[PDB]
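In structure tokens, one chain follows: the form solved without the DNA.
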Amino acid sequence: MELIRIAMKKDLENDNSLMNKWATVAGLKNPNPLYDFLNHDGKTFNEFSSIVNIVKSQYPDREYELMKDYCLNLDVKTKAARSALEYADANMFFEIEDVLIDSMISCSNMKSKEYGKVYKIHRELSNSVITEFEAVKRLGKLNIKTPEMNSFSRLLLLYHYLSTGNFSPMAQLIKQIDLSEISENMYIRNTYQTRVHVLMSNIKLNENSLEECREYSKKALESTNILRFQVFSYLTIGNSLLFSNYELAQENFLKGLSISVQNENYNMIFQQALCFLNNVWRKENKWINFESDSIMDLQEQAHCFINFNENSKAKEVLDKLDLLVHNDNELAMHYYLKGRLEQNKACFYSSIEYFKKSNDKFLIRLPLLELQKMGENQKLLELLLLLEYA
């Protein structure tokens, strides 16, 4: 037996009313699939929503251990195994996901074969194992038939665009997604919908459309029970307040910290968000990571040093950053820091060039403000705000 049902039965031995409560939590309306789920090996619910909801309600502290054991014992050819692939990927449970993928790439069911091959492209592209060109080409050769993988072939490109600081293609690409075409798997539909809500929050942020960015993150939060999506919602809401509301931006990042304390990756992301917030407002910064050579962390060391007129130490750190390789959005930030250190207008125009190239209409407010402080003509600033990149 799978650990999940062992624990569910030993707990129903001690309390019988758990039958009606688990049926309501899973949305079943009557315990008939519940009884079947506990009495014959291999029986699956109609929607993966059912098992996830019981696990989160009854054993929240044990979700990963229970779902890892339940997922990796599923018939890879089934709907349940295809839902578990999404559950795993959405949660960044990479070790569940990669086992399921090489398992479904191998089987004989064509739907599971497809999911596996597409999620594999997403993972290889996520890890810079393949370029975007070879991912698009490989996706084309798959002749993707299911609406779920037609939606996810586009989602995986969207995530790659967001992570490489290449925002201009995202708005038109996300418009191509129609999740109403997903009718066979309500759990994949509902989770993809959360995915789109959070991606739309990031796109609205990148367009400086801050009210809409916050509404989309709030809809993601009401739509989900998955920690990864709550994390990125609080992160994006907080980012949207960076230039206007210190206390509310901090409050959202601290709420993010509070829900991700057992997750080193998400905990690090909120420290980094609080680190940037405090540098934008030029306050004492207790969130700096002095033991890192990532561009993100090094940039913030330099920013804080500049803010407190320690120009030598900022020069040391910026010397480090010259010997690392930047993408477009990181380079725009690099020129912003160089301009503040050097008091050099040319650095601020190069900063603007690359925020234009990345299509970042939000962080561009940083070099724009510095140019205004140095007396740049207001008509020129308006023009830079208005023109765009090819």
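Residue numbers here begin at 1 and follow the sequence given.
In what follows, reference is made to the form solved in complex with the DNA, a form of this protein that is not presented.
S.K.: Could you tell me if residue 42 has a non-hydrogen atom within 4.5 Å of the DNA in the bound PDB entry?
M.R.: Residue 42 belongs to the contact set for the DNA.
S.K.: I'd like to know if residue 36 sits close to the DNA in the bound PDB entry, meaning any non-hydrogen atom pair within 4.5 angstroms.
M.R.: Yes, contact at 4.5 Å.
S.K.: When the contact criterion is heavy atoms within 4.5 Å, does residue 145 count as touching the DNA in the bound PDB entry?
M.R.: The answer is yes: residue 145 has a heavy atom within 4.5 Å of the DNA.
S.K.: Would you classify residue 28 as touching the DNA in the bound PDB entry, given a 4.5 Å non-hydrogen atom cut-off?
M.R.: Yes, residue 28 lies within 4.5 Å of the DNA in the bound PDB entry.
S.K.: Could you check which residue among 77, 154, 218, 137 gets a heavy atom within 4.5 Å of the DNA in the bound PDB entry?
M.R.: It is 77.
S.K.: Considering non-hydrogen atoms and a 4.5 Å limit, which listed residue (181, 124, 184, 212) is close to the DNA in the bound PDB entry?
M.R.: Flagged contact: 184.
S.K.: For the chain shown here without its partner, which stretch in 296-304, 77-85, 90-98, 261-269 has non-hydrogen atoms within 4.5 angstroms of the DNA in the bound PDB entry?
M.R.: After filtering at 4.5 Å, what remains is 77-85.
S.K.: Under the 4.5 Å heavy atom criterion, name the residues of 232-265 that approach the DNA in the bound PDB entry, in sequence order.
M.R.: Residues within 4.5 Å: none in this stretch.
S.K.: With one rigid piece of the chain swinging against the other between the shown form and the other one, say which of 36, 353, 212, 231 is at the hinge.
M.R.: Where the rigid parts turn against each other between the shown form and the other one, we find 231.
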